[PDB]
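J.: Here you go, one structure.
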Amino acid sequence: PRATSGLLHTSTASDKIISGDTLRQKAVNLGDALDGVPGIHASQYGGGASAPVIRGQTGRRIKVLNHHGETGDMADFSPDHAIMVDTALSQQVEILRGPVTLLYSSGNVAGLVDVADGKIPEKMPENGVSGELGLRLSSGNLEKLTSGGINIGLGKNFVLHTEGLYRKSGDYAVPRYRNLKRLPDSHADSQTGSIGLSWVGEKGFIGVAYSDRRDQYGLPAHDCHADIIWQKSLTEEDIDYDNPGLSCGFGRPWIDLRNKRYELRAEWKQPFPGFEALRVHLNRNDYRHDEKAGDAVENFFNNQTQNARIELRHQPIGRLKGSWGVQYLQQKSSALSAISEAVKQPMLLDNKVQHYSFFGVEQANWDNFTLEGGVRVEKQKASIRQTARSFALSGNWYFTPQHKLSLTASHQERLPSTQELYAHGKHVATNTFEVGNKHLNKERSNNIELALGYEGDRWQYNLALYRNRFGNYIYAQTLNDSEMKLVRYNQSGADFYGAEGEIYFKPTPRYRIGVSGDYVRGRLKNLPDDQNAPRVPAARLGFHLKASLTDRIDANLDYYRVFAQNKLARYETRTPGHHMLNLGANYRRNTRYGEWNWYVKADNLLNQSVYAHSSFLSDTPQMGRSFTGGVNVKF
Ligand SMILES: CCCCCCCCOCCOCCOCCOCCO
Ligand SMILES: CCCCCCCCOCCOCCOCCOCCO
Ligand SMILES: [Zn+2]
C-alpha cells in the first residue's frame, strides 16, 4: 500500500491512492473515475472526454501523469479533448500534493494525478505468466467494456507484457431533457493496446513499450468560413463576423483521435557509489485528432512529444534523503483548419517548445517530524526566453502515526503556453474564437495548505484547508457581445480557498459509515471589479455506506448532495443543484486459473437532471439512471 511517483517518498496527509480493481468498476474517463474523491470534480464532455477538476483547478494548474511520464495529449487545450490515460488498465491512480509536484511540472497547484500502468512489468510474474480479464455492460449508456492484460516470462529474466481495452457506448439517456430519450452526439468508442518487454533484477529492470489508442466520440450541444474570421481581429471586427453568422443561419460533430506511444523505462537499485537508486524514462508520443463534421475535417490537432527524465536518489547523509533529477521535454504542436496557412492564421500556428528542467526534493527526519523541501528550475526556448523557478517546503508532525498534521507551502511559476500567447482561430467543438496575448507574464502563485488525518479502527478522517494566491492568474477572458463565444487571454490576480474532507466510523470491523464533503471559492482580484473565477465547482456533501456480508459479497450506497452554484463568473449562468444516489455490490470468487470478480452497480437511481458548472457543457444534463453489471478475472 504505497505510492510510486516520487523516487523519494514525501507523503502528505492529503494524498489518496485509488485501487486498480476498483477502477475496473468505475467510469472509463479519468475525470469521471476520480469524481467522488473529496475535492475532485469533473469537466465532462459527452461520453468522449472528461478532465478531473481538482480544488477548482484543472488543465495546466494540475498535472496528469502517464506512469511518471508526459501523456503527450492535448487535453490542456480544452476539456473536449480526451486525456491519454487508461485508468481501467492502470495498476493504481495516486493523487498527490507536495514538493513531489516539482519533480514533474511547474505551476501544479492542486494535485498531481499519476496513473501507473502494467505496460513495462518491472517484476517477473509468478508461474511465468500473469494477467487479467474484464467485461462489463452498462444501461442507457450503452456501454460494453472489455479489457485484458497479460505478462509473460519470456525466459529467466525477461518479461513480455500486452494489454488492451475495447469500449463501445451510445448517446446517453437523459431525464426530462427536451423531448429526447437520449442526448445526441454523446457516444464514444475507444481502443488501446500495448506491448511490453522488461528485464529483471538485480539490479532493477529495463523495458520498452509500444502503445496505440484510437478514440472516436461525439461533440454534444452542437459551413461558411474562410474569410472575415481573418483578417483580422485584434481591433473590433467581431462586429463583422457575427453579422455573417446570422446570414448563414437564415455534417455531424465528432472527434476522431489517434495516439501512438513509444517509451522506455529503467530503474535499478544500487547504481554506483553514494546512490541508492537510479531511474530513467524516455518517451515519444504521437498525438493527433481531427474535429469533424461528417467526413470533413474542421480542425486538425497535432502534438508531438518527446520526454526524458533521469532521477537518482542520493545516499542518506545521516537521516536526510533526497532525489535530484533532470528532464528534457520538446513538444511540437499545431492546430489547423481546412483553410490553408497562406490565407488565414491557424488557431495555433506550428510551434517548437523546449523545456530544460532541473529539480529535486530533500527531506530531513527528526524522529516524529519530517521536513521536505523541493525545487524546480525550467528554461524554455520557443522556435516557431524565460525561466520558471518554483519551490515548496513542507512539514509533517506525527503525534502518533498515524495522526498526521501537514503544513505545506509553495511558490510556483508557470510559463505561458504557446496557445496562450499565440492562439488565433475558431475551435469548432467549443464554438469559440481564441486570441492570444503577446505580453503575458508567468503565472506566479503562493500556496499554503494544512491537512489532518487519522485512521484508527474506530474513527477515520481526512481534512484539508487551502489557499492559493495568484499574483498572476492567466485566464480565457470572454469578450464584448447560441452564437459563437470570443475569448481573449488575460491576467489578473486570484484567490482560491477551500476545504475538503472525509470521515468514516466503523461500529464493527464489518460495517463502515461515512460522510464526505468539499467546497471551493475562486475570485479574480485586482483587474486592469473583483469578479468570480471561471468554472469553479459547487459544494458537495457526501453520505457513504459500505458493508460486507460476508467474505465475498460487498454491498455499498453513496448519496451525494450537490448544491447549486450562484457565485458565478463574468457571463456564467446559475447551475442547480441535484441529488446523486448510487448503489453498488461486489462478488469475490476463487476458482482455478483465476479470481472472478463479478460486479453490479446502479448510478443515479433518482434519475436527476445532473448539471456540472465546472464543465463547458454546464446547461447540458448528464446521464440519467444507469445499471452496470461486470466481470473481472484476475490471475
Ligand atoms: C480482451 C479484449 C481486448 C481487446 C483489445 C483490442 C485490441 C487493441 O487494439 C489496438 C489497436 O487499436 C487500433 C490502432 O489503430 C491505430 C491506427 O494507426 C494506423 C495509422 O496509419
Ligand atoms: C509544521 C507542522 C508540524 C509541527 C511544526 C513544529 C515543528 C517545527 O516546525 C517549525 C518550522 O517548520 C514548520 C513547517 O514549515 C513550513 C514551511 O514554510 C516555509 C515558508 O517559507
Ligand atoms: Zn477540441
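For the C-alpha cells, the naming scheme is as follows: chains receive sequential letters (A, B, ...) according to their order of presentation, residues are indexed from 1 within each chain, and ligands are indexed from 1 in presentation order.
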Please, which residues in chain A fall within 8 Å of ligand 1 when counting only C-alpha atoms and all ligand atoms, and what is the closest atom pair and distance in Å to one decimal for each, ordered by chain then residue number, as CSV?

T.:
residue,atom,partner,partner_atom_place_in_ligand_line,distance
A:133,CA,ligand 1,1 (C),6.4
A:134,CA,ligand 1,1 (C),7.1
A:146,CA,ligand 1,2 (C),4.9
A:147,CA,ligand 1,2 (C),4.6
A:148,CA,ligand 1,1 (C),4.5
A:149,CA,ligand 1,1 (C),7.6
A:163,CA,ligand 1,3 (C),7.3
A:164,CA,ligand 1,5 (C),4.3
A:165,CA,ligand 1,3 (C),4.7
A:166,CA,ligand 1,4 (C),5.0
A:191,CA,ligand 1,12 (O),5.1
A:192,CA,ligand 1,10 (C),4.9
A:193,CA,ligand 1,10 (C),4.1
A:194,CA,ligand 1,10 (C),7.5
A:211,CA,ligand 1,10 (C),7.9
A:212,CA,ligand 1,14 (C),5.4
A:213,CA,ligand 1,12 (O),5.5
A:214,CA,ligand 1,13 (C),5.4
A:258,CA,ligand 1,16 (C),6.3
A:259,CA,ligand 1,16 (C),7.5
A:260,CA,ligand 1,16 (C),7.5

J.: Ligand 2: which residues are within 7 Å, counting only C-alpha atoms and all ligand atoms? Reply as a ChimeraX atom specification.

T.: /A:369,393-397,405-409

J.: Counting only C-alpha atoms, what is within 10 Å of stretch 587-600 of chain A, bar same-chain residues fewer than 2 positions away, as a ChimeraX atom specification?

T.: /A:21,24-25,130-138,550-555,583-585,602,627-635

J.: Need the shell around residue A:229: protein/DNA/RNA residues with any atom at most 9 Å away, counting only C-alpha atoms. Skip same-chain ones fewer than 6 positions apart. Format as a PyMOL selection string?

T.: chain A and resi 237-238+240-241+344+425-426+433

J.: Report as CSV the residues of chain A within 9 Å of ligand 3, each with its shortest atom pair and distance in Å (one decimal), using only C-alpha atoms and all ligand atoms, ordered by chain and increasing residue number.

T.:
residue,atom,partner,partner_atom_place_in_ligand_line,distance
A:74,CA,ligand 3,1 (Zn),8.7
A:75,CA,ligand 3,1 (Zn),8.5
A:77,CA,ligand 3,1 (Zn),7.3
A:78,CA,ligand 3,1 (Zn),6.0
A:79,CA,ligand 3,1 (Zn),7.5
A:80,CA,ligand 3,1 (Zn),5.2
A:81,CA,ligand 3,1 (Zn),5.4
A:219,CA,ligand 3,1 (Zn),8.9
A:255,CA,ligand 3,1 (Zn),7.9
A:289,CA,ligand 3,1 (Zn),8.6
A:290,CA,ligand 3,1 (Zn),8.7
A:291,CA,ligand 3,1 (Zn),6.6
A:299,CA,ligand 3,1 (Zn),8.0
A:301,CA,ligand 3,1 (Zn),8.1
A:427,CA,ligand 3,1 (Zn),6.2
A:428,CA,ligand 3,1 (Zn),6.8
A:429,CA,ligand 3,1 (Zn),5.2
A:430,CA,ligand 3,1 (Zn),6.6

J.: Just write the chosen residues, N, CA, C and O atoms, as a compact mmCIF listing (two decimals), in the first residue's frame.

T.:
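Once written, part-v3.txt looks like this:
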# COMPACT_ATOMS: atom_id res chain seq x y z
N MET A 74 -3.58 16.44 -25.76
CA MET A 74 -3.94 17.86 -25.82
C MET A 74 -5.18 18.23 -25.02
O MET A 74 -5.92 19.14 -25.39
N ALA A 75 -5.35 17.59 -23.88
CA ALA A 75 -6.47 17.82 -23.00
C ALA A 75 -6.37 19.16 -22.25
O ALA A 75 -7.36 19.67 -21.71
N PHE A 77 -5.78 21.85 -23.73
CA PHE A 77 -6.28 22.84 -24.68
C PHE A 77 -7.73 23.15 -24.39
O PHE A 77 -8.15 24.31 -24.43
N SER A 78 -8.50 22.11 -24.09
CA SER A 78 -9.94 22.22 -23.87
C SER A 78 -10.48 20.87 -23.39
O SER A 78 -9.97 19.82 -23.79
N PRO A 79 -11.54 20.88 -22.57
CA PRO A 79 -11.94 19.64 -21.91
C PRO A 79 -12.65 18.68 -22.84
O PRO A 79 -13.01 17.56 -22.44
N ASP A 80 -12.86 19.11 -24.09
CA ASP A 80 -13.45 18.26 -25.10
C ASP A 80 -12.40 17.30 -25.64
O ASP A 80 -12.74 16.32 -26.30
N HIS A 81 -11.12 17.59 -25.37
CA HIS A 81 -10.04 16.68 -25.75
C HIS A 81 -9.78 15.65 -24.65
O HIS A 81 -9.56 15.99 -23.51
N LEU A 219 -19.47 15.23 -30.19
CA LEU A 219 -19.39 16.52 -29.51
C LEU A 219 -20.80 17.09 -29.24
O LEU A 219 -21.40 17.69 -30.11
N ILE A 255 -15.14 13.61 -32.88
CA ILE A 255 -13.69 13.71 -32.80
C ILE A 255 -13.13 12.32 -33.11
O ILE A 255 -13.58 11.32 -32.54
N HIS A 289 -5.73 14.44 -33.54
CA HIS A 289 -7.16 14.32 -33.54
C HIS A 289 -7.76 15.25 -34.57
O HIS A 289 -7.28 16.38 -34.72
N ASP A 290 -8.75 14.76 -35.31
CA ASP A 290 -9.46 15.59 -36.27
C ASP A 290 -10.79 15.93 -35.62
O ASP A 290 -11.46 15.05 -35.08
N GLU A 291 -11.17 17.20 -35.64
CA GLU A 291 -12.51 17.55 -35.23
C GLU A 291 -13.35 17.64 -36.48
O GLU A 291 -13.10 18.46 -37.36
N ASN A 299 -11.05 21.03 -37.75
CA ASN A 299 -9.78 21.35 -37.11
C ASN A 299 -8.87 20.13 -37.07
O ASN A 299 -9.31 19.04 -36.70
N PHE A 301 -5.73 18.61 -35.14
CA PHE A 301 -4.92 18.75 -33.94
C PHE A 301 -3.74 17.80 -33.95
O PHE A 301 -3.88 16.63 -34.29
N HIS A 427 -12.10 27.33 -32.71
CA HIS A 427 -12.14 25.94 -32.28
C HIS A 427 -13.60 25.49 -32.41
O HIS A 427 -14.47 26.00 -31.71
N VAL A 428 -13.87 24.54 -33.31
CA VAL A 428 -15.25 24.20 -33.62
C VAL A 428 -16.03 23.63 -32.44
O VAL A 428 -17.06 24.18 -32.07
N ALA A 429 -15.52 22.55 -31.84
CA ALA A 429 -16.20 21.85 -30.75
C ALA A 429 -16.75 22.81 -29.69
O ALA A 429 -17.85 22.63 -29.18
N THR A 430 -15.96 23.83 -29.39
CA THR A 430 -16.26 24.79 -28.35
C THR A 430 -17.03 25.97 -28.95
O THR A 430 -17.62 26.78 -28.22

J.: Can you work out which one of A:513, A:486, A:494, A:474 has the shortest atom-to-atom distance to residue A:461, counting only C-alpha atoms?

T.: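 Answer, going by the shortest atom-to-atom distance: A:513.
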
J.: For stretch 27-42 of chain A, list every protein, DNA or RNA residue within 8 Å, evaluated using only C-alpha atoms, and leave out those in the same chain fewer than 5 positions away; present the list as an MDAnalysis selection string.

T.: chainID A and resid 48:56 82:83 85:88 499:502 516:519 537 612 614:615

J.: I need the chosen residues saved as a CSV table (one decimal), in the first residue's frame, with C-alpha atoms.

T.:
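Okay, result_19.csv is ready:
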chain,number,residue,atom,x,y,z
A,48,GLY,CA,-15.9,11.0,-25.0
A,49,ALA,CA,-13.8,13.2,-22.7
A,50,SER,CA,-13.7,14.3,-19.1
A,51,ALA,CA,-10.9,16.0,-17.1
A,52,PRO,CA,-10.5,16.0,-13.3
A,53,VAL,CA,-11.1,19.3,-11.7
A,54,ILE,CA,-9.1,19.4,-8.5
A,55,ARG,CA,-9.7,22.1,-5.9
A,56,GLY,CA,-11.3,24.2,-8.6
A,82,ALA,CA,-9.7,13.3,-24.1
A,83,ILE,CA,-6.8,12.7,-21.6
A,85,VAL,CA,-4.6,7.6,-19.8
A,86,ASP,CA,-6.3,4.3,-19.4
A,87,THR,CA,-7.4,4.1,-15.7
A,88,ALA,CA,-9.3,0.8,-16.3
A,499,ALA,CA,-11.8,22.7,2.2
A,500,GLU,CA,-12.3,19.1,1.5
A,501,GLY,CA,-12.6,16.0,3.7
A,502,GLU,CA,-14.0,12.6,4.5
A,516,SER,CA,-17.6,13.4,2.9
A,517,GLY,CA,-17.7,16.9,1.5
A,518,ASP,CA,-15.9,19.7,-0.3
A,519,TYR,CA,-16.2,23.4,-1.1
A,537,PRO,CA,-17.1,23.7,-8.9
A,612,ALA,CA,-21.9,20.3,-13.7
A,614,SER,CA,-17.3,23.1,-13.8
A,615,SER,CA,-17.8,21.8,-17.3

J.: For residue A:6, find every residue with an atom within 10 Å (counting only C-alpha atoms), except residues of its own chain fewer than 3 positions away, and show them as a PDB file with C-alpha atoms, in the first residue's frame.

T.:
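After the write, selection-v3.pdb holds the following:
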ATOM      1  CA  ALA A   3       2.981   5.323  -3.948  1.00  0.00           C
ATOM      2  CA  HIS A   9       8.793   9.292  -0.682  1.00  0.00           C
ATOM      3  CA  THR A  10       7.366  12.610   0.524  1.00  0.00           C
ATOM      4  CA  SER A  11       3.880  11.817   1.858  1.00  0.00           C
ATOM      5  CA  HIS A  68       5.638   9.330 -14.357  1.00  0.00           C
ATOM      6  CA  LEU A  96      -0.517  13.555  -4.697  1.00  0.00           C
ATOM      7  CA  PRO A  99       7.171  19.012  -3.119  1.00  0.00           C
ATOM      8  CA  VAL A 100       6.804  16.000  -5.400  1.00  0.00           C
ATOM      9  CA  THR A 101       4.801  18.068  -7.862  1.00  0.00           C
ATOM     10  CA  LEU A 103       9.506  16.671  -9.937  1.00  0.00           C
ATOM     11  CA  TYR A 104       7.106  16.762 -12.916  1.00  0.00           C
ATOM     12  CA  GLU A 311      16.184  10.845 -11.302  1.00  0.00           C
ATOM     13  CA  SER A 323      16.277  12.660  -5.140  1.00  0.00           C
ATOM     14  CA  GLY A 360      14.799  17.636  -6.716  1.00  0.00           C
ATOM     15  CA  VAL A 361      13.474  17.091  -3.212  1.00  0.00           C
TER      16      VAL A 361
END
